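Have a look at the structure below before the remarks.
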Amino acid sequence: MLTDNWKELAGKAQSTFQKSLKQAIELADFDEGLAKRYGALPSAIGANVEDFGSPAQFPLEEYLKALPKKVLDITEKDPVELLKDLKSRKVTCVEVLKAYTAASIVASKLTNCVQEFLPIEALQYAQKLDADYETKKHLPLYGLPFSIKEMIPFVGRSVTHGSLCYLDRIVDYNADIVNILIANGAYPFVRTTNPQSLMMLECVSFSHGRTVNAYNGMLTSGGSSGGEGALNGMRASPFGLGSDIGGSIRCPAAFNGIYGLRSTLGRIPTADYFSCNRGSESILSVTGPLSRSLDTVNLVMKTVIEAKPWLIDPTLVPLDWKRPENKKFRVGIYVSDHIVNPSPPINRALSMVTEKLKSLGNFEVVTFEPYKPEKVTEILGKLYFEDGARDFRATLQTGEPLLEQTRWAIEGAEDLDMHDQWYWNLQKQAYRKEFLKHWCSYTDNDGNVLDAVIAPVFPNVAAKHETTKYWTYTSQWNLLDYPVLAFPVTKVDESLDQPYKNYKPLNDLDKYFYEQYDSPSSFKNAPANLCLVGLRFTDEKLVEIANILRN
Amino acid sequence: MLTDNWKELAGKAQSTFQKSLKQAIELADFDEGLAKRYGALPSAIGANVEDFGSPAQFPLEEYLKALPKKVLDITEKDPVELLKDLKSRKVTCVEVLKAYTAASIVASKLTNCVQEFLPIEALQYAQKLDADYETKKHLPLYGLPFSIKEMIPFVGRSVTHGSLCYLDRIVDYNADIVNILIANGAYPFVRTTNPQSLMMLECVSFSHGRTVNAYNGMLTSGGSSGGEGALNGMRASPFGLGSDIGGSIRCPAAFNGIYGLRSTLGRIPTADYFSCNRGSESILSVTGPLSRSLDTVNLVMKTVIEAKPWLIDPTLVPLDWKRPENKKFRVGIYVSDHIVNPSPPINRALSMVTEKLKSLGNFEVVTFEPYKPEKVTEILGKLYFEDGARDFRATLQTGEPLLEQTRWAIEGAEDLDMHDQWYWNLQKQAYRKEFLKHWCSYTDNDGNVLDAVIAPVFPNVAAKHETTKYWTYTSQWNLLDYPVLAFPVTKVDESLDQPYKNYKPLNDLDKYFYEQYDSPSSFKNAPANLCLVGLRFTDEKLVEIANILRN
Amino acid sequence: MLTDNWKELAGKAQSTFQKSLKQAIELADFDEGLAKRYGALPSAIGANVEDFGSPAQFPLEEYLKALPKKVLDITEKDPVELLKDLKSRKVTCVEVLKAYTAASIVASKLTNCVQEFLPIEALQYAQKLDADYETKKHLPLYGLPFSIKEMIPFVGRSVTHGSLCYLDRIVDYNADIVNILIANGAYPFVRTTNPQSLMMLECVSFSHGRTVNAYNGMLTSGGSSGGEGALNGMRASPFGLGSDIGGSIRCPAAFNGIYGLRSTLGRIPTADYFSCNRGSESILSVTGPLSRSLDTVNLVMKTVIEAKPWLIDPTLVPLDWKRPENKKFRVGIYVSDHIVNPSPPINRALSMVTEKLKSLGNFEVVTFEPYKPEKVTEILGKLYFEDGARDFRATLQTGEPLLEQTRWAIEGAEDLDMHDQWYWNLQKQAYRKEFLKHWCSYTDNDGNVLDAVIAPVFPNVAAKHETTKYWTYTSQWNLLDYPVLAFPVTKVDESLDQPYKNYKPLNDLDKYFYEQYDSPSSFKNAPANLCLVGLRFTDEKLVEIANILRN
């Protein structure tokens, strides 16, 4: 939309961020002790969007030291438990806002996960929620703030998905899901960072700089909901909303050791979000919550769906959010797609989770083999950027440089003729039908279908910057639209996770990822997450199994 | 067309200049201090066109001392940055005009680089531009003045390319490129000097006298766009338009340490310029910008091409100005053609950029060998003046003396019969075809072409007067019509640039140039430039590699 | 050059043709039924090059009657569809070669369109193309033979452009375009006839005799690519390559009711062709395909340009072959230049095409007026033979008689002095600039330029022999270098196409063409074609509009 030079535009983005940082600090009202410790933290924010600063080695450790007990006693509490305190009035909505704003400011400096604070509207929401305590205490999310990806429309803000050229695209409306959540007592208080084009499993843009992992400042936060994964990994938000078209919810959640649900397409409204390729329907993104807390993921889903969003967004199905009553479960373990093998830490998590399910009497556990995973890259290679990336490249008329990760996503993109899209839509629907038959081949003689599959989210824990060159472990489930929940398992252990010796790589790309894992020390304290995969609209089964895996 | 005695005609030429110098001083509105110090500067303008004055030893040092900060704060600023100030109304178009007009006056005296000022029309252009500021600040070159070679038509002016006999050849139109630049917010404010016949790599004519270098007043400015090289080396213009048929843009830029682009024929409109041999098409001139600012060179090219000039000049190709997305570069180093070796200052500059490119991982650097460079002189010896120089020699009917350098250019000129021209056109096209295959012989096994070659512009730094006895280092690429960008590297260093020891010359012409380089002290502080050569229509690759060489 | 008697040389040419005809018949391997019917066909080949035989009244009918279904099932199939059969292996490359070879033999006897068959090398090309099926099946033109005008160099052959004196001018290389097409799976199998001097819109030479129209054997095939027009009008070749400096591609294509593209100079390589006036550059010829199938013309253009021929021929521009994205079109109708009015069949074709474009919603249709069409003859009269035809006239030292049509082209030719050439080059470039201004004057209030103009190719359908005394309807676009696509519209209708009564001629030449059109019965079954004219490098717009006109 704009064609001004990008250097001035990056300035305006920093100014928007900096003015809101100032107001957030005013709202949080640091005492002398905290202002000092905050002042002395290593910053992942630079002086300009090309300077990535010098992040802390363990940002979460620095966060926990810097913040006072009066803040952590609120932000470390499970949000569902915190909702009880807001209901009983042991804490006010404004007190909760002040605590989480303070938390998000510290996370911002350590991780660079916030694009814009919302302290003016956040105080207005919380004050009137306190005033209306008697009439709104009954609401399911009363008083809870939350974070929203920058791509999500909020009144009076630019919606850019990281592209400087869209800084004048101001909306006078919130996204449907935001209004629904506000109708249930919640309110957004921060907008989190997202990268250029949205098509990278990291979080670098010329609107914000570089976002880093909450557990190890040398590794990426993931992407595209990198700010959300980072902010919620620091427990600096009760929950956040991201988007997921190639792993952009589950990859951040897995990299930062939290929960993230890629919900089934058609359950919760996402279409009013902004991205590149608006109007492209061949492969659709979905939304879903990210949070440290499984119970909060479930409650956000239960809250939005029980508000009947199909009466606002007609793409949605009136399928209730219902806990499954299953007493026995059949579960598959996806150890590898046999194209890129997982690194030792991911491999150990698969074994840990296997043994835990086997130790419970009511789980049958089988190996789950891949089905033509190479076809995922082939089909998505044509449908992700079906206009030959013309729409994205038009954003670079400002002179905004092309990031290395963005290049991988648009390299080889064809401008499809109608018949070319038809050919690949048929390939897409054929693969979906073939894969379903594959899944059903695991049904037993009594007719019990596989309830879920446990798989990696990525061939490794949080990647080194500019190394997320393999998507299939998440994008497999975007091509199929299966609901997928990332969940925590373990952390890198330097004794247990030494590199495999006498490894023979499967191909050049497997060689690259093997060499990427030089030693566990390069990924010290990085969470090793997995994910639960289900058939379309079995989202709740994934929540119920994840519940058992953490107890 | 005019046959009056040349001494009278030289008079009117001086008077046209002198009246415009006044009018320029009146618009510039100097302060007694400058207006005084200006009076006391050493002049390169004599009492008549055969008196070459006593130029300053370092005109740029004198230029920087003489002008006020109120002027230098504008003229020293990079024009793209100044366009920001011009856009934001931090500076008015008339304000910029007054500053650069003042700069050009000081440069006019110090280097003898101005042929005729345009102060009336420049104020006329600039005043309506500070008015509709709100309507045209969107234009890509809003408010920026520029210089034009005298050969470039401007309304109400004589177009002479330095020949006194054409002083009554008045045009009622601008050049196409001038109108396009005006349509994009720019305007010409000064006409720069050009020499007799246009076929010398210096700048001496009987319309202006002798033009000298901005960095060392004892050496030539270069030519034929010598005024443009001098004015822009003295930093007295944002950019200018020159012409290049034998090096006539790159030699001024290289001699004066700035940027100069010989653009590929058919990209930018030039045919309506005036020269000798009008209608000669066997070897065609092109135009292109000279500036100390690479970004300003790039912006002018982009500006003119995006105006779709092929809709006015049908000689042009509709090829967009597109920055390359290349991630790796293969670059050749042209150390010598082994006919005339470069002097130490040029030889060290080649080492500087060779080692700089080798230190970057994404550049592969190979040595580039010549291909029959002797054939350049042979073919161009027949096609430069294909009428036996009859058209030029007729300009001297006024009694205008034949200059020594012009003598070299017209020696041996044949009046070709049609069959002789056909023979040499075939020699020209075969050489072009043979040379292309030579270039493609450097492609690597994976099929990556050579992106550019780095070569000298001249066997030496800025030449002594009447010593430009070798053209091939520029004219080679006029025969081939390859785009070439002259760019800065270093300046003469008296410790490092001593003469070669116990040297063995390659031939009599090589002996001449070795003896011309008696000591670095004769060329004190002279810029040592190099150039980037590309295949036809790859101009933009040249800009990008030059950007990397400067960081 | 040779100086032997021309009668002896004509013998040597006839022998070369006859020896290849014998080899062609052996390759095609006629059964006795076809050999009989072939033997009894009326021949347009005489006993010697001055005996023009007794052509069939309707050669195409005789061709379709004579050949078996086993051949026509291949040669009548659209070549792009035939490429599918070659790719899927429903037919072999050798099978396709045999069919088209047989077709060309029948075409050769009926129309006299073949100068030399290439059955030895063609079988070698087709056999190894079958052997390499697995590695070369992907090539865009895999297995397709094609025809080349004799002027196009092929390994081991003389290249004469019809002049007997050049029978010893043997080349050991193919033309660049031939090698590019071979690299893309195609191969030449036959060389087509070309007339004396190449500056004739008919096809008579002392190397082959006379070439006649595919639809009416009393009329000319056209020229200079007459063999190509006849051969591809008979559908005895998938496509062919000709040359066009005065209409020499479009006139054969229009006279024989097929497609023919005069492509913009600098897109596809032609300079290595042989003609008269080698080294003359004032007006340059171009090449381009002739074919029954618009899809085949488009695919040939697309194939050669996507091979990046500017890396072998440096006169070419790196401009992609791109489908135009315009959905709306502005098109002018050029009904007459008001010097020679078209005959009734051409005027009916203009009305038909006008009515069809007006009936489609996305076309705006305007009248297109001429701009100084008399200036076309004046300039081309000086620049076509700028040596006073000395180079051509020297070819007749063998005593080869001067043909009547050749006489017209060389009458009045001046041996230009260099200043005369310069004067007319300026006349040429000024006319080009003026005409662009004329074209742009038709841009509408909204700024939408004219996309194309629809015009005649000739003042009549296929002319009677020795009557092509007006060139402007095609040569206008050679002076301007505009791309022009000839396309079919209708055939002569004896009821609709009676001569105009009370016609008042515009001049003596218009009177000649009026009396030339005595009755439609004199032109039975003659195709009435038109052409689409575009600005330089808008070739693809012409293909797209012709696509709409045939749907």
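Every chain in the structure tokens takes a letter, A first, then B, and so on in the order presented; its residues are numbered from 1, and the ligands are numbered from 1 following the presented order.
Taking only C-alpha atoms, the non-local environment of segment 432-439 of chain A within 8 Å (same-chain residues fewer than 2 positions away omitted) comprises residues 371, 428, 429, 430, 441, 442, 443, 450, 479 and 480 of chain A.
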Writing out the chosen residues with N, CA and C atoms as an mmCIF file, in the first residue's frame:
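Final file, selection-v2.cif:
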data_model
loop_
_atom_site.group_PDB
_atom_site.id
_atom_site.type_symbol
_atom_site.label_atom_id
_atom_site.label_comp_id
_atom_site.auth_asym_id
_atom_site.auth_seq_id
_atom_site.Cartn_x
_atom_site.Cartn_y
_atom_site.Cartn_z
ATOM 1 N N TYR A 371 3.130 -41.732 5.394
ATOM 2 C CA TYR A 371 2.514 -41.971 4.093
ATOM 3 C C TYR A 371 2.864 -40.833 3.145
ATOM 4 N N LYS A 428 -4.343 -32.395 -3.953
ATOM 5 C CA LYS A 428 -4.551 -32.149 -2.531
ATOM 6 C C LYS A 428 -5.677 -33.020 -1.994
ATOM 7 N N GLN A 429 -6.818 -33.031 -2.681
ATOM 8 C CA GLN A 429 -7.945 -33.816 -2.190
ATOM 9 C C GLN A 429 -7.652 -35.309 -2.287
ATOM 10 N N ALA A 430 -6.923 -35.725 -3.323
ATOM 11 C CA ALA A 430 -6.555 -37.134 -3.434
ATOM 12 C C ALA A 430 -5.662 -37.560 -2.271
ATOM 13 N N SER A 441 -6.259 -47.784 8.308
ATOM 14 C CA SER A 441 -5.612 -49.092 8.273
ATOM 15 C C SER A 441 -5.074 -49.509 9.638
ATOM 16 N N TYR A 442 -4.998 -48.587 10.592
ATOM 17 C CA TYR A 442 -4.567 -48.899 11.945
ATOM 18 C C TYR A 442 -5.720 -49.279 12.861
ATOM 19 N N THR A 443 -6.959 -49.229 12.372
ATOM 20 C CA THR A 443 -8.097 -49.718 13.137
ATOM 21 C C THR A 443 -7.913 -51.200 13.443
ATOM 22 N N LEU A 450 -7.717 -45.483 15.450
ATOM 23 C CA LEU A 450 -6.684 -44.706 16.120
ATOM 24 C C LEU A 450 -7.279 -43.403 16.627
ATOM 25 N N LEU A 479 -1.662 -29.493 5.269
ATOM 26 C CA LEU A 479 -2.183 -30.082 4.041
ATOM 27 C C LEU A 479 -3.412 -30.945 4.326
ATOM 28 N N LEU A 480 -3.400 -31.676 5.444
ATOM 29 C CA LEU A 480 -4.518 -32.531 5.819
ATOM 30 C C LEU A 480 -5.569 -31.825 6.666
#
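When DSSP is run on the backbone, the residues of segment 337-462 of chain B that fall into strand (DSSP E) are residues 363, 364, 365, 366, 367, 452, 453, 454 and 455 of chain B.
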Output file for the selection above: N, CA and C atoms, as a compact mmCIF listing (two decimals), in the first residue's frame:
# COMPACT_ATOMS: atom_id res chain seq x y z
N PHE B 363 31.09 -14.38 -2.93
CA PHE B 363 31.69 -13.97 -4.19
C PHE B 363 32.76 -14.99 -4.56
N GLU B 364 32.66 -15.51 -5.78
CA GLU B 364 33.75 -16.25 -6.39
C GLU B 364 34.47 -15.30 -7.33
N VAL B 365 35.79 -15.26 -7.23
CA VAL B 365 36.61 -14.29 -7.94
C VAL B 365 37.60 -15.04 -8.81
N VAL B 366 37.57 -14.75 -10.11
CA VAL B 366 38.45 -15.37 -11.09
C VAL B 366 39.13 -14.26 -11.88
N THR B 367 40.30 -14.58 -12.43
CA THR B 367 40.97 -13.65 -13.34
C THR B 367 40.28 -13.66 -14.69
N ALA B 452 29.76 -10.04 -13.44
CA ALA B 452 30.39 -8.76 -13.73
C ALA B 452 31.89 -8.95 -13.82
N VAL B 453 32.54 -7.99 -14.47
CA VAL B 453 34.00 -7.92 -14.51
C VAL B 453 34.43 -6.58 -13.93
N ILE B 454 35.52 -6.60 -13.16
CA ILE B 454 36.12 -5.39 -12.61
C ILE B 454 37.35 -5.01 -13.42
N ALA B 455 37.36 -3.79 -13.93
CA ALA B 455 38.39 -3.37 -14.87
C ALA B 455 38.74 -1.91 -14.63
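With atom CA of residue 474 of chain A on one side and atom CA of residue 373 of chain A on the other, the separation reads 11.2 Å.
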Wanna dump the segment 311-409 of chain B-segment 204-227 of chain B contacts at 10 Å for me, each residue with its shortest atom pair and the distance in Å to one decimal, counting only C-alpha atoms, ordered by chain and number, as a tab-separated table?
residue	atom	partner	partner_atom	distance
B:400	CA	B:206	CA	7.4
B:401	CA	B:206	CA	8.3
B:402	CA	B:205	CA	9.7
B:403	CA	B:205	CA	8.0
B:404	CA	B:204	CA	9.9
B:405	CA	B:204	CA	8.8
B:406	CA	B:204	CA	9.5
Print the selection's residues with N, CA and C atoms to a file, as a PDB file, in the first residue's frame.
ATOM      1  N   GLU B 400      38.288  27.997 -36.723  1.00  0.00           N
ATOM      2  CA  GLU B 400      38.485  27.337 -35.442  1.00  0.00           C
ATOM      3  C   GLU B 400      39.641  26.346 -35.535  1.00  0.00           C
ATOM      4  N   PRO B 401      40.669  26.483 -34.713  1.00  0.00           N
ATOM      5  CA  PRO B 401      41.826  25.593 -34.840  1.00  0.00           C
ATOM      6  C   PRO B 401      41.474  24.158 -34.479  1.00  0.00           C
ATOM      7  N   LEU B 402      42.221  23.231 -35.064  1.00  0.00           N
ATOM      8  CA  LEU B 402      42.083  21.819 -34.751  1.00  0.00           C
ATOM      9  C   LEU B 402      42.955  21.501 -33.542  1.00  0.00           C
ATOM     10  N   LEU B 403      42.322  21.077 -32.448  1.00  0.00           N
ATOM     11  CA  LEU B 403      43.045  20.741 -31.228  1.00  0.00           C
ATOM     12  C   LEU B 403      43.864  19.463 -31.391  1.00  0.00           C
ATOM     13  N   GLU B 404      44.943  19.374 -30.607  1.00  0.00           N
ATOM     14  CA  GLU B 404      45.846  18.230 -30.697  1.00  0.00           C
ATOM     15  C   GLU B 404      45.128  16.914 -30.403  1.00  0.00           C
ATOM     16  N   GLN B 405      44.273  16.890 -29.379  1.00  0.00           N
ATOM     17  CA  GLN B 405      43.583  15.647 -29.057  1.00  0.00           C
ATOM     18  C   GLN B 405      42.588  15.286 -30.145  1.00  0.00           C
ATOM     19  N   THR B 406      41.886  16.287 -30.681  1.00  0.00           N
ATOM     20  CA  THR B 406      40.989  16.038 -31.800  1.00  0.00           C
ATOM     21  C   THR B 406      41.750  15.467 -32.983  1.00  0.00           C
TER      22      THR B 406
END
Identify, with DSSP run on backbone atoms, the residues in segment 113-345 of chain A assigned to alpha helix (DSSP H), and express the list as a ChimeraX atom specification. /A:119-131,133-136,176-183,226-233,250-255,294-306,344-345
Using the selection just defined, write its residues with N, CA and C atoms as a compact mmCIF listing (two decimals), in the first residue's frame.
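Output file out06.txt follows:
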# COMPACT_ATOMS: atom_id res chain seq x y z
N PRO A 119 -1.78 -0.39 26.44
CA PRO A 119 -2.09 -0.05 27.84
C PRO A 119 -3.28 0.89 27.99
N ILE A 120 -3.54 1.75 27.01
CA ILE A 120 -4.68 2.66 27.11
C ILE A 120 -5.99 1.86 27.10
N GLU A 121 -6.21 1.07 26.05
CA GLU A 121 -7.43 0.27 25.98
C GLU A 121 -7.45 -0.82 27.05
N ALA A 122 -6.29 -1.33 27.44
CA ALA A 122 -6.27 -2.39 28.45
C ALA A 122 -6.75 -1.86 29.79
N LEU A 123 -6.32 -0.66 30.17
CA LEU A 123 -6.79 -0.08 31.42
C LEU A 123 -8.28 0.23 31.35
N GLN A 124 -8.74 0.71 30.20
CA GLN A 124 -10.16 0.99 30.01
C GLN A 124 -11.00 -0.28 30.12
N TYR A 125 -10.53 -1.38 29.53
CA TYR A 125 -11.24 -2.65 29.65
C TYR A 125 -11.29 -3.11 31.11
N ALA A 126 -10.15 -3.10 31.79
CA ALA A 126 -10.08 -3.64 33.14
C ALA A 126 -10.85 -2.78 34.15
N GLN A 127 -10.78 -1.45 34.01
CA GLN A 127 -11.50 -0.58 34.94
C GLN A 127 -13.00 -0.83 34.86
N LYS A 128 -13.56 -0.82 33.65
CA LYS A 128 -15.00 -1.01 33.50
C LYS A 128 -15.40 -2.44 33.85
N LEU A 129 -14.48 -3.39 33.70
CA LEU A 129 -14.76 -4.76 34.14
C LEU A 129 -14.81 -4.84 35.66
N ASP A 130 -13.95 -4.08 36.35
CA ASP A 130 -14.04 -3.96 37.80
C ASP A 130 -15.33 -3.26 38.22
N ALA A 131 -15.67 -2.16 37.55
CA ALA A 131 -16.91 -1.46 37.86
C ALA A 131 -18.12 -2.37 37.67
N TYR A 133 -18.27 -5.51 38.08
CA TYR A 133 -17.97 -6.79 38.73
C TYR A 133 -19.22 -7.60 39.02
N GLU A 134 -20.26 -6.95 39.53
CA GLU A 134 -21.43 -7.70 39.99
C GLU A 134 -22.19 -8.34 38.84
N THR A 135 -22.26 -7.67 37.68
CA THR A 135 -23.00 -8.19 36.54
C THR A 135 -22.18 -9.10 35.64
N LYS A 136 -20.85 -8.99 35.65
CA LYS A 136 -20.00 -9.76 34.75
C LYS A 136 -19.10 -10.77 35.45
N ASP A 176 -13.33 -11.12 14.83
CA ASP A 176 -14.50 -11.75 15.45
C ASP A 176 -14.13 -12.45 16.76
N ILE A 177 -13.04 -13.22 16.75
CA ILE A 177 -12.65 -13.97 17.94
C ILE A 177 -12.32 -13.02 19.09
N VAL A 178 -11.76 -11.85 18.79
CA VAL A 178 -11.44 -10.89 19.85
C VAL A 178 -12.72 -10.38 20.51
N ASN A 179 -13.72 -10.03 19.69
CA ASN A 179 -14.99 -9.55 20.23
C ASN A 179 -15.69 -10.63 21.04
N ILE A 180 -15.62 -11.88 20.58
CA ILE A 180 -16.23 -12.97 21.33
C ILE A 180 -15.57 -13.10 22.69
N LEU A 181 -14.23 -13.07 22.71
CA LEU A 181 -13.51 -13.19 23.97
C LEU A 181 -13.80 -12.01 24.90
N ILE A 182 -13.92 -10.80 24.33
CA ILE A 182 -14.31 -9.64 25.13
C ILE A 182 -15.71 -9.82 25.70
N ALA A 183 -16.62 -10.40 24.90
CA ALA A 183 -17.96 -10.67 25.40
C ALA A 183 -17.97 -11.65 26.56
N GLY A 226 5.81 -16.16 16.60
CA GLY A 226 7.01 -16.23 17.41
C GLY A 226 6.90 -15.41 18.67
N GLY A 227 6.37 -14.19 18.56
CA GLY A 227 6.11 -13.39 19.74
C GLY A 227 5.20 -14.08 20.74
N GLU A 228 4.12 -14.72 20.24
CA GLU A 228 3.18 -15.42 21.11
C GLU A 228 3.85 -16.59 21.83
N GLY A 229 4.62 -17.40 21.10
CA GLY A 229 5.31 -18.51 21.74
C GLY A 229 6.30 -18.02 22.78
N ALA A 230 7.03 -16.97 22.44
CA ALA A 230 8.01 -16.38 23.34
C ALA A 230 7.35 -15.73 24.55
N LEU A 231 6.33 -14.89 24.31
CA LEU A 231 5.67 -14.20 25.41
C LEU A 231 5.02 -15.19 26.38
N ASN A 232 4.35 -16.23 25.85
CA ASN A 232 3.66 -17.19 26.70
C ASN A 232 4.61 -18.22 27.30
N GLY A 233 5.76 -18.46 26.67
CA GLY A 233 6.79 -19.27 27.30
C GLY A 233 7.39 -18.61 28.52
N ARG A 250 2.15 -24.30 16.38
CA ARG A 250 2.75 -25.42 17.09
C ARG A 250 4.25 -25.28 17.19
N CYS A 251 4.89 -24.73 16.16
CA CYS A 251 6.33 -24.54 16.23
C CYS A 251 6.73 -23.56 17.32
N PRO A 252 6.13 -22.37 17.44
CA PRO A 252 6.45 -21.53 18.60
C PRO A 252 6.15 -22.21 19.93
N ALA A 253 4.99 -22.86 20.05
CA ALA A 253 4.65 -23.51 21.32
C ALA A 253 5.66 -24.59 21.68
N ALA A 254 6.09 -25.38 20.71
CA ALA A 254 7.05 -26.44 21.00
C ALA A 254 8.42 -25.87 21.33
N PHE A 255 8.83 -24.81 20.62
CA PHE A 255 10.16 -24.26 20.85
C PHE A 255 10.28 -23.63 22.24
N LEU A 294 -2.49 -26.07 29.82
CA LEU A 294 -3.44 -26.87 29.05
C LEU A 294 -4.89 -26.52 29.40
N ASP A 295 -5.20 -26.40 30.70
CA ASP A 295 -6.56 -26.07 31.10
C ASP A 295 -7.03 -24.75 30.50
N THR A 296 -6.10 -23.82 30.25
CA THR A 296 -6.48 -22.55 29.66
C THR A 296 -6.73 -22.69 28.16
N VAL A 297 -5.93 -23.52 27.49
CA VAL A 297 -6.18 -23.82 26.08
C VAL A 297 -7.60 -24.36 25.92
N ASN A 298 -7.96 -25.34 26.75
CA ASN A 298 -9.28 -25.94 26.65
C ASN A 298 -10.38 -24.92 26.95
N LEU A 299 -10.17 -24.08 27.96
CA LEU A 299 -11.19 -23.11 28.36
C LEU A 299 -11.40 -22.04 27.28
N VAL A 300 -10.33 -21.63 26.59
CA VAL A 300 -10.50 -20.66 25.51
C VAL A 300 -11.33 -21.27 24.38
N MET A 301 -11.00 -22.51 23.99
CA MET A 301 -11.79 -23.23 23.00
C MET A 301 -13.24 -23.39 23.44
N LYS A 302 -13.46 -23.91 24.65
CA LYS A 302 -14.82 -24.05 25.16
C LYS A 302 -15.56 -22.71 25.15
N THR A 303 -14.87 -21.62 25.51
CA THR A 303 -15.54 -20.32 25.58
C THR A 303 -15.95 -19.82 24.20
N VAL A 304 -15.04 -19.89 23.22
CA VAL A 304 -15.35 -19.36 21.90
C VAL A 304 -16.44 -20.18 21.22
N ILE A 305 -16.33 -21.51 21.28
CA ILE A 305 -17.28 -22.34 20.56
C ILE A 305 -18.66 -22.26 21.20
N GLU A 306 -18.73 -22.21 22.53
CA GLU A 306 -20.04 -22.14 23.17
C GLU A 306 -20.73 -20.81 22.94
N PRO A 344 18.43 -36.30 19.02
CA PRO A 344 18.29 -37.11 20.25
C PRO A 344 17.26 -36.57 21.23
N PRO A 345 17.23 -35.25 21.53
CA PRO A 345 16.23 -34.78 22.52
C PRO A 345 14.79 -35.06 22.12
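With only C-alpha atoms as the atoms that count, the minimum distance from chain C to the choices B:520, B:447, B:279, B:505 is reached by B:279.
The gap separating atom CA of residue 9 of chain B from atom CA of residue 156 of chain B is 18.2 Å, in Å to one decimal.
Comparing the minimum interatomic distances between chain A and each of B:144, B:530, B:80, B:360, counting only C-alpha atoms, we find that B:80 sits nearest.
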For chain B, report every residue with an atom at most 12 Å from chain A (counting only C-alpha atoms), formatted as a PyMOL selection string. chain B and resi 80-81+83-84+87-88+137-140+299+322-327
Selection near residue 239 of chain A, 7 Å with only C-alpha atoms, sequence-local residues under 6 positions removed, as a list in words: residues 146, 147, 232, 289, 290 and 291 of chain A
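Taking atom CA of residue 237 of chain C and atom CA of residue 485 of chain C as endpoints, the distance between them is 19.0 Å.
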If you count only C-alpha atoms, which residues fall within 7 Å of segment 13-28 of chain A, apart from same-chain ones fewer than 6 positions away, as a PyMOL selection string? chain A and resi 98-99+101-102+115-119+207
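With only C-alpha atoms as the atoms that count, the minimum distance from residue 73 of chain B to the choices B:496, B:33, B:235, B:185 is reached by B:235.
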